[PDB]
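> If you scroll down you'll find the structure; I have some questions about it.
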Amino acid sequence: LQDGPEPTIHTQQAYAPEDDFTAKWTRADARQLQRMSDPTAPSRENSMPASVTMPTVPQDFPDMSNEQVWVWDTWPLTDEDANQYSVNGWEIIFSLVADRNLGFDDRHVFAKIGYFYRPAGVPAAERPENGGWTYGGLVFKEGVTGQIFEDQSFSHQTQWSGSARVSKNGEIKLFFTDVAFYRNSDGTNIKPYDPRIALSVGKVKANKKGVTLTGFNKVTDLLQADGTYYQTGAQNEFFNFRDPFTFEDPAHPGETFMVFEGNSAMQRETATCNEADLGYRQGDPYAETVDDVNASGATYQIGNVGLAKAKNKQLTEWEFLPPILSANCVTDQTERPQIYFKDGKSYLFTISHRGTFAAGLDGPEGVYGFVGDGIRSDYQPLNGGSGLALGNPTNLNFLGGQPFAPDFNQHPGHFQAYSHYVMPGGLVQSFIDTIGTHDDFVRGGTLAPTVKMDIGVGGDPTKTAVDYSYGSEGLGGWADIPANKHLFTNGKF
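Numbering (mature numbering (1 follows the signal peptide of the UniProt record, and there is no 0)), first residue to last: 4 to 496.
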């Protein structure tokens, strides 16, 4: 540790889901990331501790769809405990996909949800190098996902990330972000975009032939930003609102909860941070003033993790609860939040970019983690209060560059992995954005090798460590999304 501020003291104390306690990931906490970085790290070398850095992905990577489509954010078939399922001998995944003819950076506004399947239980090394997935095509027929929007003049209409529950009778509830865009030919908004948390129900049919899906013809509009707990388009043209992950909390049986990315509901240009947001211990030599922070531009970075509760058993009606985590003046984006249960603890994992960090702060691309005694709690950021669980190899002493333009001095795996997702046994799956140096890089659009992150080193639930023995030198199978539970169903085709 370099000298710096102390981390904010977090109690981990549980609260009721309905309470409006909102844990803060503080500037104090986030500044621990800089303290863990090694100032002397030379050009293109990782400066972050190996134990919180994803193993380096080879630039010579296979493609999981044989280049049929761009693939990114991926999620398995789950139950209320986040166990991952095969059906009738097939592991099944949902992924954001886009036409491979698109420029990689243009794909976001043409995203759709597709699905892949592969035989379950094939010896991990008897499996093809690329994962052995079969692309099943698109989940939705043309025109289905548009049905929820009153305003049909949209220029673009996407399906963004979420989660998918499978029932014992083979029903699939697909929770996703249904998004409408209103853009001129140059990308400028005619009005703010319209992302909604949505549900679509279907069925899995699976044979020795493979897997097909039926249904997914009706979409229920579940949630949209309210303006009290979660920032709206009116409040912020480029507000975040997406990524439903649903689950059952062991401490609140028979009820269903959802976490999702949001922003703190403040007016963009008059937003302010307070002393809680900064979070310094009295008389820390490294303390900032509220005025200094408020004047820096840090107030433009006000991401949050939301929580909602299902009103019925069908999960077609939801009630907003107050945010469970705020990163005011810390980051714009806490993406793809998920709650992970282990050893009596609630782990909130979330994904962030380097570039979204507020002025005065810095951190790698990757997984940020938080632990508490309840789904609403005074969350403790993992690893010395920093919040870092699994960062891409990063030289934090040098600029980050961009995935379309890596920085001259940056580690070539700075953008090697994004939209990570923590599976049972701490196995982490993610997709490749960019690998390579400033003058020799490639884009991914395919999944990275799965890696292992051991959660709770010693008896300490606040620490994690990458397991570098897993697979080859830390890298497991390409696109490996293993099922730990298995279902057999009526459905066939």
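Here a beta-carbon is modelled for each residue, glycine too, at the ideal position from N, C-alpha and C.
Is the separation between the beta-carbon of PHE184 and that of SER164 shorter than 7 Å?
For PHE184 and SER164, no; Cβs fall outside 7 Å.
> Is it right to say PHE401 is buried, meaning 16 or more other beta carbons lie within 10 angstroms of its own, or is it exposed?
Flag for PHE401 reads buried.
> Taking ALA201 and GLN238 to be in contact with their CB atoms under 8 Å, please state how far apart those CB atoms are, rounded to whole angstroms.
At roughly 21 Å, the Cβ-Cβ gap does not stay under 8 Å, so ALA201 and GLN238 are not in contact.
> Would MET39 and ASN395 qualify as a contact pair, given that the criterion is a beta-carbon distance under 7 Å?
No.
> Restricting to runs no shorter than 4 residues, where is the alpha helix (DSSP H) found entirely within the region 285 to 334?
Within the region 285 to 334, the complete alpha helix (DSSP H) runs of at least 4 residues are 293 to 299.
> Report yes if the CB atom of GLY390 is closer than 7 Å to the CB atom of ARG357, and no otherwise.
Going by C-beta atoms, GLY390 is not nearer than 7 Å to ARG357.
> Quick one: Cα of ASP376 to Cα of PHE344, how far?
Near 10 Å, if we compare the C-alpha coordinates of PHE344 and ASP376.
> Return the Cβ separation of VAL425 and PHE352 in integer angstroms, given the expectation that the two are a contact with Cβ distance under 8 Å.
With a Cβ gap of about 5 Å, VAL425 and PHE352 count as contacting.
> Extract the residue ranges of the beta strand (DSSP E) inside the region 219 to 267, only unbroken runs of 3 or more that lie entirely within it.
Runs found: 245 to 250 and 260 to 266.
> Report all residues from its chain with a CB closer than 6 Å to the CB of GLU368; omit the five preceding and five following residues, and keep chain order.
Excluding positions up to five away in sequence, the list reads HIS356, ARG357 and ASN395.
> Below 8 Å on the Cβ atoms is my guess for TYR18 versus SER68; work out the distance and round it to an integer in Å.
At roughly 44 Å, the Cβ-Cβ gap does not stay under 8 Å, so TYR18 and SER68 are not in contact.
> Below 8 Å on the Cβ atoms is my contact criterion, and I expect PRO325 with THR77 to pass it. Report the Cβ-Cβ distance as a whole number of Å.
With 8 Å as the limit, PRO325 and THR77 do not qualify as a contact, their Cβ atoms being about 30 Å apart.
> Rounding to the nearest angstrom, what Cα-Cα distance links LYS144 and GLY218 in this structure?
Taking the straight line joining both Cα atoms gives about 10 Å.
> Just list the beta strand (DSSP E) runs in the region 407 to 489, keeping only unbroken ones of 3 residues or longer that don't cross its boundaries, in chain order.
Counting whole runs of 3 or more residues, the region 407 to 489 contains the beta strand (DSSP E) stretches 421 to 425, 430 to 434, 437 to 440, 443 to 446, 452 to 458, 467 to 469 and 478 to 481.
> Taking the straight line between their C-alpha atoms, what separation do you get for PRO122 and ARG130?
Going from the Cα of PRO122 to the Cα of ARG130 covers about 9 Å.
> Answer yes or no: does any C-beta atom of chain D fall closer than 7 Å to that of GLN150?
Checking the listed chains, one finds no chain D in this structure; it contains a single protein chain.
> Tell me where the beta strand (DSSP E) around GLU94 begins and ends.
It spans 93 to 102 - the beta strand (DSSP E) in which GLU94 sits, taken as one unbroken run.
> Give the range of the alpha helix (DSSP H) segment to which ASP197 is assigned.
Unbroken run through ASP197 is the beta strand (DSSP E), 197 to 210; no alpha helix (DSSP H).
> Based on Cα-Cα distance, which residue from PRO198, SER170, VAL169 and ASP108 lies nearest to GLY149?
Nearest of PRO198, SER170, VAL169 and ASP108 to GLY149, Cα basis: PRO198.
> Can you give me the Cβ contacts of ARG47 inside the same chain, cut-off strictly under 8 Å, excluding the 5 residues immediately before and after it?
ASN398, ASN412, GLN413, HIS414, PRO415 and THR440.
> Would you decide whether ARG34 is buried or exposed? Buried here means 16 or more other CB atoms lie within 10 Å of its CB.
By the 10 Å Cβ count, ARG34 comes out buried.
> Using CA atoms only, rank isn't needed, just tell me which of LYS316, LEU393 and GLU240 is closest to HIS417.
The shortest C-alpha separation from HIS417 is found at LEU393.
> Does the distance from the C-beta atom of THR215 to that of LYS221 stay below 7 Å?
No. Outside cutoff.
> Would you mind working out which of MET456, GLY205, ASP457 and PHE373 sits nearest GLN16, comparing C-alpha positions?
Checking every option, the nearest Cα to that of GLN16 belongs to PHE373.
> What's the gap between the Cα of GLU264 and the Cα of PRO247?
Cα to Cα, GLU264 sits roughly 8 Å from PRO247.
> Pull up the distance between the alpha-carbon of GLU153 and that of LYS171, whole angstroms please.
Each residue's alpha carbon lies about 35 Å from the other.
> Using a threshold of 7 Å, state whether the C-beta atoms of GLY173 and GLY494 are closer than that.
In contact: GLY173 and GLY494 (Cβ atoms closer than 7 Å).
> Near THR319, what residues of its chain come up, given a Cβ to Cβ distance below 8 Å and the 5 sequence neighbours on each side ignored?
Result list for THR319: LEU202, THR223 and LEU225, in chain order.
> Note down the Cα distance separating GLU83 from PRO288, rounded to an integer number of angstroms.
Taking the straight line joining both Cα atoms gives about 46 Å.
> In this structure, how does DSSP classify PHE491 when only helix, strand and coil are distinguished?
Reduced to three states, the DSSP call for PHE491 is coil.
> Roughly how far, in whole angstroms, is the beta-carbon of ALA330 from the beta-carbon of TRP28, given that I think they are within contact range, below 8 Å?
Contact flag correct, Cβ pair sits at about 5 Å.
> Can you give the Cα-Cα distance for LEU105 and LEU281, rounded to whole angstroms?
Rounded to the nearest angstrom, the two C-alpha atoms are 42 Å apart.
> Identify the residues that DSSP records as bridge partners of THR180: which are they?
Answer by DSSP bridge pairing, in chain order: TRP163 and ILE200.
> Sort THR492, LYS488 and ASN187 by Cα distance to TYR88 and report the nearest one.
The candidate whose alpha carbon is nearest that of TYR88 is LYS488.
> Could you name the residues that DSSP lists as bridge partners for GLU338?
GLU338 is bridged to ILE354.
> State buried or exposed for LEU478, treating a residue as buried only when at least 16 other CB atoms are found within 10 Å of its CB.
Per the 10 Å Cβ criterion, buried.
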